[PDB]
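A short write-up of the structure that comes next.
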Amino acid sequence: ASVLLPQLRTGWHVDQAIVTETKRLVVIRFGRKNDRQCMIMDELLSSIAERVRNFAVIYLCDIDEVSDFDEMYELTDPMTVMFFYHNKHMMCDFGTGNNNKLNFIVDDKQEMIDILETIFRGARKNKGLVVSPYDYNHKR
Amino acid sequence: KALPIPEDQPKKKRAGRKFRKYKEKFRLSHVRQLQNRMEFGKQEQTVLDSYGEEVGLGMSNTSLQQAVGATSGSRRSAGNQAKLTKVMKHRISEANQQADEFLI
Amino acid sequence: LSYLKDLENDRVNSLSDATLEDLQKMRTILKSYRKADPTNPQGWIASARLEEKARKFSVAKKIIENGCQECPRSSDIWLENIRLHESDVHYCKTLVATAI
Amino acid sequence: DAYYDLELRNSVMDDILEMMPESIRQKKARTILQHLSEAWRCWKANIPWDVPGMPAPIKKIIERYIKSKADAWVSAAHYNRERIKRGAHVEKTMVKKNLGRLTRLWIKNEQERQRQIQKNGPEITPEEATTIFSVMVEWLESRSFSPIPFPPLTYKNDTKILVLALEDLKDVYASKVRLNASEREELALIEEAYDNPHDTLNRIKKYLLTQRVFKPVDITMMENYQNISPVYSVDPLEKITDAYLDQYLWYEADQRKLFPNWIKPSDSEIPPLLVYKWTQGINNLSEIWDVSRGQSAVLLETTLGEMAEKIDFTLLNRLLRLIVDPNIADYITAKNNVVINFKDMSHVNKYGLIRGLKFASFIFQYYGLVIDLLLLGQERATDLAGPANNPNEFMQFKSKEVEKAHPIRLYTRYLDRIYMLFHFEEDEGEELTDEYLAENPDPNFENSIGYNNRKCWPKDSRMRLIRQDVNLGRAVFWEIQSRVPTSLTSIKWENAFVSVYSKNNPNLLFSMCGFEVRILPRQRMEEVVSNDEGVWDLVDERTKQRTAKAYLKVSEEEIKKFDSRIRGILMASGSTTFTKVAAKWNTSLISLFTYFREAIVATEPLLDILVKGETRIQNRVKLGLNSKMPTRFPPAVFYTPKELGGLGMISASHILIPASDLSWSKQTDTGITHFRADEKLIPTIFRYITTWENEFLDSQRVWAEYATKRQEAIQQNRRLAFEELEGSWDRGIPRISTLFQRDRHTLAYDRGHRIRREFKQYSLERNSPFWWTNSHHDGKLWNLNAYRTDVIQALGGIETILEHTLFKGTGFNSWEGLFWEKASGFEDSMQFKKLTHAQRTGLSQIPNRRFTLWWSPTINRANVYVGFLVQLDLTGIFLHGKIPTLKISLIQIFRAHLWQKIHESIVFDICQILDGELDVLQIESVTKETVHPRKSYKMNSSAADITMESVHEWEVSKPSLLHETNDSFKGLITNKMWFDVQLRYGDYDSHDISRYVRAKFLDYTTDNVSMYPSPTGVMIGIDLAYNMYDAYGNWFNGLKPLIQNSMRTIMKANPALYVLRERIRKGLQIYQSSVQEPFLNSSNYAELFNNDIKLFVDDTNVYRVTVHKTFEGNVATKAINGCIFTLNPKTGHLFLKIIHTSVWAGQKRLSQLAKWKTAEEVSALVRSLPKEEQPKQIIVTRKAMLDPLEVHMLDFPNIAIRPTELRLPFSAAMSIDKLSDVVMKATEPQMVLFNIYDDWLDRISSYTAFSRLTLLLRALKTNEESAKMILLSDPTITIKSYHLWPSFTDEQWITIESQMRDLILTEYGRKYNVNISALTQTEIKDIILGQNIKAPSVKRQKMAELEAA
Amino acid sequence: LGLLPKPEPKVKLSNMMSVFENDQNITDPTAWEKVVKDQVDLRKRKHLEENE
RNA sequence: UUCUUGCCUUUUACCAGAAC
RNA sequence: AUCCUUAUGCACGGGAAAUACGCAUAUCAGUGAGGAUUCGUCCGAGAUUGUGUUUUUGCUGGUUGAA
């Protein structure tokens, strides 16, 4: 949602967000405001965010506005989310073959939550990677 | 209500005639463990429940025993015999009382 | 908390047929029991019972009779043999003759 | 499309925000979002959204939004449902969502309907009620039906009924391994009922009398994809009452003949059987197939639509009051009128029966009887049933005249569906048609348009719409409609299927119980048809000639259902383990086949679906295994049984077991014998289920035979011997095995059982695929044991199957003793823990991982997958695609540089061997070449491991295999030699180790990058994945044999290899037998002294020989009497059976005999003891007293024969003096009683006494004389005339114990040169058990070390 | 934080068999029994003493 | 792009037809 | 001074259960909560909402491994 999840303004802000949450994990949706898929993701994440407030924070980002982070995906720019812990980018191996970012909408709220939890756990361990409990392959 | 910060603590470590009963209700019991074991080469003993045949009686029945017949040796435990809730118990008591009253 | 199934609700009656692999072990055990000296009689009787339960009503007939014939001379064994043959008259009569 | 709603929500919100760009606006916006959500929620519930403070325009907007959502949402849901029905494409959560949404809308409709009904009264105008009540009453009068009374206080067949009720309730939980809360509660209730039966009965009767207000019923909607709904979860307490009622009324009704012969399902006919019977009846009417005089038979089928859903309760109540005690009826009515809840949306069931109330089936049947009567008319009903005193068997009559009297020849009713077979002489039919025309005009002749027809059949074989026939059919339908009121049930033309057999239409059609049936007489035989395939030959009673064919198909609807089921199984696979999925598939397939047996072979669409379904299932598994799909798996992994480690799919397809995938090998002392490969095909279910025709004929035969046998028995004065019926034991319907089942006389009372089973679809959620045959009343109507056996055979037998798996990796010799820990079990075990969903998911996954590992050597190979053949880190285990689970498993196996360790270990072993045999083979020195750490897993190149110098010179052979007997030593000469320990994780394609060795040797010697010193040497290749070896290279006299020996030993022994094997086992969760029962140990020693009754048994002293030996040890030979020490540690009794020496005279194989004797004695003892005093645990001192004892203790299955890790000190029964004396002085077999705790149990505890005994006995065992001395320190302390021990005081006893302990410990010190300090635990161990101690073997130690590093 | 007393396991004649914190449970079986029985008596005695 | 077939399970790319 | 009833407080002992037990700047409650019913009437104390734990809290002991 627009009202529920906090959205970030400029790259500096994003960077700050990524750094500052020492305790929690940081989920940044990078997505163009008016897109379908991105919107869906935002909706999903709104639900999740409240649930997982204690372990992971969600933030949104208009990717056409903040062009600082086209290092993060090599100028492909689909509607994505990204995961961070202690300023270290967090890799999550789905079926997708892009282990860096989930660039696909997952419809199950619970599933999303579970994956978030998994990544948090990985971060805590220190494991940069983590294998998701859900295979995907189909969404991509 | 927030999901708890997932930490994976294994702190507890307890036991006690007291505590081991409760936990017995949530333990897999020895017969269940046996059942979960399946003999390798053999076709495993199933039971044909009319609802569904699927059920694996497993290696709870001893080979020889299985060949011959059945067992109440796999009816061992008393510590996990489905007790009622507090509410349910109360309700049943009430019902009993009512019945008694009717009888009088 | 998804409680454990009340142990004594496990499935009991109407099972699968006794496996060949399974039966063989039992047979071996019974052979051991028998061959390692006669009981005198009961070993044979036990075997017969097993066969009945197993189940089998031909091999048992073949073997039990043989067992009865050589070493033992007990009533119980004879009775068992008789029971085994519910082929009404002739066999039973023969058994009786042998026994009395 | 589902996004649309979201978009709307967003957009609306944005608009609202725009409208109010105020101060503190964000908060306001947030609030408004919640409001928006809440309105939607309310709508979903079907609660009104009437917010008081809300300002008008905003409220209006919100309302509009919700309306929009509804428009989008409902429609969307419908679309989704349609898609699902089609079998097109749908997301795995989307479907679930739809099911919720769909459920909600169903609820909304139903509740709205109810509301409407409430508003505008019952649809039954009183006239109609009068008519139909009248009909019922007249029928009852005709039948002279004595009404079912209220269950008496001391009712005769009451307890049995109760038991029956409880069992049905239980049935659902019997399978399941855990229980949620509700289930648990239910179980508890059931237990209570059982245990306090009288009380329960009282409660139930009270409820029946008086309870008319009830805890409200929840409706989880079902998941029959093709069409959902409904499952009513009634309160567990009420459920018992309901159950009892159901049992009782049904019993009572059957006794009193409430229900006619025509109503179905009966307890006798399984639905296919019923169908068959119906067909026979149709064939076996008088001159039915004659159409010379213009005759017209018409077989009207129809669903009595909404029958249950528009049962008016008042009317229903009244009807009941005719047939039951009024109180019961009232109760029933009350129950049907409950509050139906659902996920925050209630309604009150004022109208239309609830199907999930346990009795409800009976009620439904009763209701349908009314309708049946209406359909028939009273007179016709009477004719059908016959007189009350002597009723008719289904479709029979008292005469051929009464059969021919009315048009309705045969009538029946399977629940909502009815089946009427009219037979018109031409004129009557014509008249009817005319009447129909008059009522309902037809100028245009557009009546063949609309008319339903069995599109399953071909155009040429299905009902031709020859206009006259069509008219007749329609007329008949109209008549039927007229005969039944609207307000009881909607009989619609759309739902009806009116087949018409005329002069023009030769095929008579109908679809009973999922079978599409097509009757075709012999006198019409030559029209359209190839006569074979999927048929019954209908033979008349009078003639006994083949009268009509009856061609079968599985109904299109049933096919669709099957497809849906398959799809359902496929989706939800995510968590669901491969094995589980496979099982589900099997169940589905078996359900399909066992039911439609004969008919599947005909119906091509169904066959096609099966083909495809199976493939889909296979593909799911494939997908799970790897993201890339394979060229082809072997069928092995799927069709191999569960027990061998496969999935155990039961194929319904022409599957081809490729000749390549039947090869196998065997490592032996002689060598590596191979086998390779007409054509082999996975056997299909088709052959192994016996066609229904055969079954019914068979049934007819064997029942007659049984009857004959019974008669014979009676004649000769005998109970009918179940031994005689073998051969036709597992034959007939019901099976002959039913007659001699142990619960025959109770299952007499379980009447109306089939219908109850059918109606469980409305009560229990997960829907039963074997709804048709209650095994208790029928028996195993199918046997697929043969199929399992045959599958194995097809896959070249067990060995071949194994050779696909990583079985041989585990390094077991044979597979006799092994067992799996199952996956489901594993899942269960770790689902008793505080776990977040992710953890649970992971756990669920784990069973697949194991499976993958098992089949690894035939999942991970070039034939299966293709591409980047990557090397797993630190190993020679090449993957063939990231089979991720498999990879993980491999990593786990080869953790801590395992491969390297193995290789090095092998090298070391080889070196040692060489050292051992230097001088014999003319070896100067054996140098282990220092290699690069990565050498063990260099598969591209290689290197020498063990360089070897000659004393003088070696004449070596041409390079050859290790098992080649013909070797000449005149080829080449050499001073230096080398050994290469090579490893590989082979896979089914590339696992001939010998071949590999040959190749590698050929390459690596000639290749320049592989730096070996000499050109002559040997490559020993050790295949890890199959635990095989072969050496290829140059041999010098005497070496080859040595090498072979080493290999033989190395594979047995090598610690690294053993470790690897262990790891593999762990991964797979295979384990060696050992013993199933739990050992008594230091851990569970305290378990002995609970309230459960126990018995220790000792066979150590049964055959004693003696070689008499004094303190010096002078020789003297003899053979004394024995004993069987059997001790109760609670009571202190000692059932000492003294075995006399006369037993052993003229006997051989003595030890074995002794064990058996002991077992027999134990059995006898057990028999002697009453049921109260009998033991729970027979503890046995010696290891292998279990088997004989077990054999002898089949009769007492409640008894659990435990071994023990305690070297328990009952061996020293003969050290005890009095006991010894008695043993000596017995002249025959004699059972003797002693209190081994003579006095102590009045003073001290049982446990204490036992401990004391242990202390003393142990001491005695250690040093008898010393022990004796200790005992008799003070001569004043007297042993009594009836005691075994000296009557000490407590202090004295303590002192004695101390002394005993000292003796034990000093003795130990003397023996095992060990310091007497230790730990207290150690001390305890030494006393109680005298157990082995944690004494891991050298090999074990080595393994441990390896693991550590 | 105080460590002013220390809580010992409350043995009985049913716990007797399963308590191993205090040593001598099989080693000195009658001694152990005496200890446990004695302890029980003390507990009972203490109660009685308190009442008095 | 939408609908219908077939790969099937996803990305291409297709299988083979309609509509814009 | 002896014996007993009631409640409570402390405790010996024995038993069951923890799907249970709390907590609240909450809302309402013998000026009626919630229920019964043979319909005449009867019982009469919590209910609602929020929320914390709840396959468990606090402490011990052993084997073990770790190495």
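Ordered as shown in the structure tokens, chains take letters A, B, and onward, while each chain numbers its residues from 1 and ligands are numbered from 1 in the order shown.
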Taking only C-alpha atoms (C1' of nucleotides) into account, what are the residues of chain G at most 12 Å from chain C, put as a list in words? residues 19, 54, 55 and 56 of chain G
Could the residues in this selection be saved with N, CA and C atoms (P, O5', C5', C4', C3', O3' and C1' of nucleotides) as a PDB file, in the first residue's frame?
```pdb
ATOM      1  P     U G  19      -1.039 -26.696  26.931  1.00  0.00           P
ATOM      2  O5'   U G  19      -2.264 -25.834  26.393  1.00  0.00           O
ATOM      3  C5'   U G  19      -3.239 -25.254  27.279  1.00  0.00           C
ATOM      4  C4'   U G  19      -4.630 -25.714  26.917  1.00  0.00           C
ATOM      5  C3'   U G  19      -4.910 -27.203  27.088  1.00  0.00           C
ATOM      6  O3'   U G  19      -5.607 -27.442  28.318  1.00  0.00           O
ATOM      7  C1'   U G  19      -5.649 -26.371  24.938  1.00  0.00           C
ATOM      8  P     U G  54       5.673 -19.590  24.706  1.00  0.00           P
ATOM      9  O5'   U G  54       4.528 -20.600  25.159  1.00  0.00           O
ATOM     10  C5'   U G  54       4.601 -21.244  26.446  1.00  0.00           C
ATOM     11  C4'   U G  54       3.295 -21.909  26.807  1.00  0.00           C
ATOM     12  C3'   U G  54       2.789 -22.951  25.832  1.00  0.00           C
ATOM     13  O3'   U G  54       3.547 -24.151  25.780  1.00  0.00           O
ATOM     14  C1'   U G  54       0.982 -21.635  26.518  1.00  0.00           C
ATOM     15  P     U G  55       3.994 -24.722  24.361  1.00  0.00           P
ATOM     16  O5'   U G  55       3.802 -26.296  24.529  1.00  0.00           O
ATOM     17  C5'   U G  55       4.835 -27.119  25.109  1.00  0.00           C
ATOM     18  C4'   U G  55       4.994 -28.413  24.343  1.00  0.00           C
ATOM     19  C3'   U G  55       6.315 -28.592  23.608  1.00  0.00           C
ATOM     20  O3'   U G  55       7.345 -29.113  24.447  1.00  0.00           O
ATOM     21  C1'   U G  55       4.527 -29.179  22.183  1.00  0.00           C
ATOM     22  P     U G  56       8.625 -28.224  24.837  1.00  0.00           P
ATOM     23  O5'   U G  56       8.141 -27.488  26.161  1.00  0.00           O
ATOM     24  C5'   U G  56       8.854 -26.355  26.678  1.00  0.00           C
ATOM     25  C4'   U G  56       7.874 -25.314  27.158  1.00  0.00           C
ATOM     26  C3'   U G  56       8.263 -24.582  28.431  1.00  0.00           C
ATOM     27  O3'   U G  56       9.110 -23.481  28.112  1.00  0.00           O
ATOM     28  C1'   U G  56       5.929 -25.149  28.416  1.00  0.00           C
TER      29        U G  56
END
```
Please provide the set of residues having any atom within 9 Å of range 480-482 of chain D, restricted to only C-alpha atoms (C1' of nucleotides), with same-chain residues fewer than 5 positions apart removed, written as a PyMOL selection string. chain D and resi 374-376+475+490-492
Distance table requested - chain E against chain B, cut-off 10 Å, only C-alpha atoms: one row per qualifying residue with the closest atom pair and its distance in Å to one decimal, ordered by chain and rising residue number, as a Markdown table.
```
| residue | atom | partner | partner_atom | distance |
| --- | --- | --- | --- | --- |
| E:14 | CA | B:17 | CA | 9.9 |
| E:15 | CA | B:17 | CA | 8.4 |
| E:18 | CA | B:17 | CA | 9.0 |
| E:19 | CA | B:16 | CA | 9.8 |
```
Those residues you just picked out, can you put them in a file as a short mmCIF file (atom, residue, chain, number, x, y, z; two decimals), in the first residue's frame with N, CA and C atoms?
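Contents of selection29.cif, freshly written:
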```cif
data_model
loop_
_atom_site.label_atom_id
_atom_site.label_comp_id
_atom_site.auth_asym_id
_atom_site.auth_seq_id
_atom_site.Cartn_x
_atom_site.Cartn_y
_atom_site.Cartn_z
N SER E 14 9.11 -43.27 45.93
CA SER E 14 8.86 -43.46 44.49
C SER E 14 9.92 -42.77 43.63
N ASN E 15 10.38 -41.59 44.06
CA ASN E 15 11.50 -40.93 43.40
C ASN E 15 12.81 -41.66 43.68
N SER E 18 14.76 -43.11 40.89
CA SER E 18 15.11 -42.22 39.76
C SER E 18 15.94 -40.98 40.10
N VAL E 19 16.21 -40.71 41.38
CA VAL E 19 17.05 -39.57 41.78
C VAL E 19 18.51 -40.02 41.84
#
```
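With only C-alpha atoms (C1' of nucleotides) as the atoms that count, the minimum distance from residue 13 in chain G to the choices E:12, E:4, E:17, E:27 is reached by E:12.
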At a cut-off of 10 Å, can you tabulate as CSV every residue of chain F near chain A together with its closest atom pair and the distance in Å to one decimal, using only C-alpha atoms (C1' of nucleotides) and ordering rows by chain then number?
```
residue,atom,partner,partner_atom,distance
F:9,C1',A:138,CA,7.6
F:10,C1',A:138,CA,4.6
F:11,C1',A:140,CA,7.7
```
With the cut-off set at 12 Å and counting only C-alpha atoms (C1' of nucleotides), tabulate each residue of chain D with an atom at most that distance from an atom of chain F, showing the nearest atom pair and its distance in Å to one decimal, ordered by chain and increasing number, as a tab-separated table.
```
residue	atom	partner	partner_atom	distance
D:88	CA	F:4	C1'	11.4
D:89	CA	F:8	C1'	10.8
D:612	CA	F:8	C1'	11.0
D:615	CA	F:8	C1'	10.5
D:616	CA	F:8	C1'	8.7
D:617	CA	F:9	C1'	11.9
D:618	CA	F:9	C1'	11.8
D:619	CA	F:9	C1'	8.1
D:620	CA	F:9	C1'	8.6
D:621	CA	F:9	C1'	11.5
D:622	CA	F:9	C1'	10.0
D:623	CA	F:9	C1'	7.7
D:624	CA	F:9	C1'	11.0
D:626	CA	F:9	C1'	11.4
D:627	CA	F:9	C1'	9.1
D:628	CA	F:9	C1'	9.2
D:629	CA	F:9	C1'	8.2
D:630	CA	F:9	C1'	11.7
```
The selected residues should be written to file as an mmCIF file, in the first residue's frame (atoms: N, CA and C atoms).
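Written output follows (part-v2.cif):
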```
data_model
loop_
_atom_site.group_PDB
_atom_site.id
_atom_site.type_symbol
_atom_site.label_atom_id
_atom_site.label_comp_id
_atom_site.auth_asym_id
_atom_site.auth_seq_id
_atom_site.Cartn_x
_atom_site.Cartn_y
_atom_site.Cartn_z
ATOM 1 N N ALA D 88 -7.710 -26.318 -17.287
ATOM 2 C CA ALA D 88 -6.971 -25.466 -18.214
ATOM 3 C C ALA D 88 -5.629 -25.071 -17.607
ATOM 4 N N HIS D 89 -5.662 -24.168 -16.630
ATOM 5 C CA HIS D 89 -4.451 -23.640 -16.002
ATOM 6 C C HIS D 89 -4.838 -22.724 -14.850
ATOM 7 N N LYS D 612 -1.951 -39.751 -19.331
ATOM 8 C CA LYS D 612 -1.473 -38.383 -19.148
ATOM 9 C C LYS D 612 -1.278 -38.104 -17.692
ATOM 10 N N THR D 615 1.849 -39.588 -16.312
ATOM 11 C CA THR D 615 2.980 -38.834 -16.865
ATOM 12 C C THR D 615 3.197 -37.557 -16.067
ATOM 13 N N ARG D 616 2.094 -36.870 -15.813
ATOM 14 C CA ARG D 616 2.086 -35.611 -15.058
ATOM 15 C C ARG D 616 2.685 -35.829 -13.679
ATOM 16 N N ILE D 617 2.227 -36.902 -13.045
ATOM 17 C CA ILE D 617 2.676 -37.279 -11.700
ATOM 18 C C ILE D 617 4.194 -37.490 -11.698
ATOM 19 N N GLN D 618 4.642 -38.225 -12.707
ATOM 20 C CA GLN D 618 6.060 -38.542 -12.881
ATOM 21 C C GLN D 618 6.878 -37.252 -12.995
ATOM 22 N N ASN D 619 6.361 -36.349 -13.816
ATOM 23 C CA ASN D 619 6.959 -35.074 -14.134
ATOM 24 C C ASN D 619 7.026 -34.275 -12.920
ATOM 25 N N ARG D 620 6.055 -34.277 -11.999
ATOM 26 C CA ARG D 620 6.129 -33.506 -10.762
ATOM 27 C C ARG D 620 7.407 -33.869 -9.981
ATOM 28 N N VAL D 621 7.567 -35.173 -9.853
ATOM 29 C CA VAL D 621 8.725 -35.764 -9.151
ATOM 30 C C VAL D 621 10.014 -35.325 -9.829
ATOM 31 N N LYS D 622 10.003 -35.401 -11.161
ATOM 32 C CA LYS D 622 11.153 -35.018 -11.978
ATOM 33 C C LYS D 622 11.535 -33.558 -11.703
ATOM 34 N N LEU D 623 10.506 -32.724 -11.696
ATOM 35 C CA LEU D 623 10.660 -31.286 -11.453
ATOM 36 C C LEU D 623 11.301 -31.043 -10.100
ATOM 37 N N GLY D 624 10.789 -31.761 -9.111
ATOM 38 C CA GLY D 624 11.278 -31.681 -7.729
ATOM 39 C C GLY D 624 12.765 -32.017 -7.678
ATOM 40 N N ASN D 626 14.968 -31.876 -10.115
ATOM 41 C CA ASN D 626 15.829 -30.948 -10.859
ATOM 42 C C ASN D 626 15.028 -29.950 -11.681
ATOM 43 N N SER D 627 15.532 -28.723 -11.776
ATOM 44 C CA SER D 627 14.880 -27.666 -12.557
ATOM 45 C C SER D 627 14.793 -28.014 -14.045
ATOM 46 N N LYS D 628 15.888 -28.542 -14.592
ATOM 47 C CA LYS D 628 15.888 -29.130 -15.935
ATOM 48 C C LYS D 628 15.141 -30.450 -15.880
ATOM 49 N N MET D 629 14.367 -30.739 -16.923
ATOM 50 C CA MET D 629 13.633 -31.996 -17.027
ATOM 51 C C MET D 629 14.546 -32.991 -17.716
ATOM 52 N N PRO D 630 14.553 -34.258 -17.265
ATOM 53 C CA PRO D 630 15.445 -35.239 -17.888
ATOM 54 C C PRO D 630 14.989 -35.729 -19.253
#
```
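Note that the spacing between CA of residue 109 in chain D and CA of residue 6 in chain D amounts to 24.7 Å.
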When DSSP is applied to the backbone of this structure, which of chain B are assigned strand (DSSP E or B)? Write them out as number ranges by chain. B: 37-39, 46-47, 56
Residues of the last selection are to be written out with C-alpha atoms, as a tab-separated table (two decimals), in the first residue's frame.
```tsv
chain	number	residue	atom	x	y	z
B	37	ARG	CA	10.28	-48.25	10.66
B	38	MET	CA	9.58	-50.22	7.46
B	39	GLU	CA	11.27	-53.55	6.67
B	46	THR	CA	-0.78	-52.34	5.81
B	47	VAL	CA	-4.21	-52.14	7.36
B	56	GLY	CA	1.11	-48.60	7.03
```
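Near range 84-101 of chain B, within a cut-off of 6 Å and counting only C-alpha atoms (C1' of nucleotides), sit the residues residues 104 of chain B; 185, 188, 203 and 206 of chain D, with same-chain residues fewer than 3 positions away left out.
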If you measure from CA of residue 421 in chain D to CA of residue 562 in chain D, what distance in Å do you get, rounded to one decimal? 29.5 Å
Mind checking which residues fall within 8 Å of residue 236 in chain D, counting only C-alpha atoms (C1' of nucleotides), ignoring those fewer than 6 positions away in the same chain, and posting them as a PyMOL selection string? chain D and resi 182+185-186+189
Residues of chain A that approach chain B to 6 Å or less, counting only C-alpha atoms: could you list each one with the shortest pair of atoms and its distance in Å to one decimal, rows by chain and increasing residue number, as JSON lines?
```
{"residue": "A:51", "atom": "CA", "partner": "B:2", "partner_atom": "CA", "distance": 4.7}
{"residue": "A:52", "atom": "CA", "partner": "B:3", "partner_atom": "CA", "distance": 5.5}
{"residue": "A:54", "atom": "CA", "partner": "B:5", "partner_atom": "CA", "distance": 5.8}
{"residue": "A:55", "atom": "CA", "partner": "B:5", "partner_atom": "CA", "distance": 5.2}
```
Those same residues, written as an mmCIF file, in the first residue's frame with N, CA and C atoms?
```
data_model
loop_
_atom_site.group_PDB
_atom_site.id
_atom_site.type_symbol
_atom_site.label_atom_id
_atom_site.label_comp_id
_atom_site.auth_asym_id
_atom_site.auth_seq_id
_atom_site.Cartn_x
_atom_site.Cartn_y
_atom_site.Cartn_z
ATOM 1 N N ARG A 51 3.212 -7.932 10.173
ATOM 2 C CA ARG A 51 3.479 -9.243 10.780
ATOM 3 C C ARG A 51 4.919 -9.331 11.246
ATOM 4 N N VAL A 52 5.825 -9.011 10.325
ATOM 5 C CA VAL A 52 7.262 -9.213 10.529
ATOM 6 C C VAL A 52 7.992 -7.965 11.014
ATOM 7 N N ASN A 54 8.872 -7.069 13.781
ATOM 8 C CA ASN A 54 9.868 -7.398 14.787
ATOM 9 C C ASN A 54 11.205 -7.861 14.203
ATOM 10 N N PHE A 55 11.196 -8.554 13.054
ATOM 11 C CA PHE A 55 12.461 -9.013 12.431
ATOM 12 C C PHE A 55 12.862 -8.371 11.100
#
```
Residues near residue 217 in chain D, cut-off 9 Å, only C-alpha atoms (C1' of nucleotides), skip fewer than 5 positions along chain, as a short mmCIF file (atom, residue, chain, number, x, y, z; two decimals) with N, CA and C atoms, in the first residue's frame:
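selection-v6.cif was written with the following content:
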```cif
data_model
loop_
_atom_site.label_atom_id
_atom_site.label_comp_id
_atom_site.auth_asym_id
_atom_site.auth_seq_id
_atom_site.Cartn_x
_atom_site.Cartn_y
_atom_site.Cartn_z
N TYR D 232 -20.19 -30.59 7.12
CA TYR D 232 -20.70 -30.01 8.36
C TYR D 232 -20.01 -30.63 9.56
N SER D 233 -19.15 -29.85 10.21
CA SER D 233 -18.45 -30.31 11.41
C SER D 233 -19.35 -30.05 12.61
N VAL D 234 -20.02 -31.11 13.07
CA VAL D 234 -20.95 -31.02 14.20
C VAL D 234 -20.13 -31.09 15.49
N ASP D 235 -20.67 -30.59 16.60
CA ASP D 235 -20.00 -30.68 17.91
C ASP D 235 -19.73 -32.14 18.32
N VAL D 338 -30.16 -25.98 13.14
CA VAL D 338 -29.07 -25.38 13.93
C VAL D 338 -28.59 -24.09 13.32
N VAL D 339 -27.85 -23.32 14.11
CA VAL D 339 -27.07 -22.22 13.56
C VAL D 339 -25.88 -22.83 12.82
N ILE D 340 -25.83 -22.58 11.52
CA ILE D 340 -24.69 -22.93 10.71
C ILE D 340 -23.75 -21.73 10.69
N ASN D 341 -22.59 -21.92 11.31
CA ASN D 341 -21.50 -20.96 11.28
C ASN D 341 -20.53 -21.23 10.13
N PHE D 342 -19.68 -20.24 9.90
CA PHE D 342 -18.57 -20.30 8.96
C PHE D 342 -17.75 -19.04 9.13
#
```
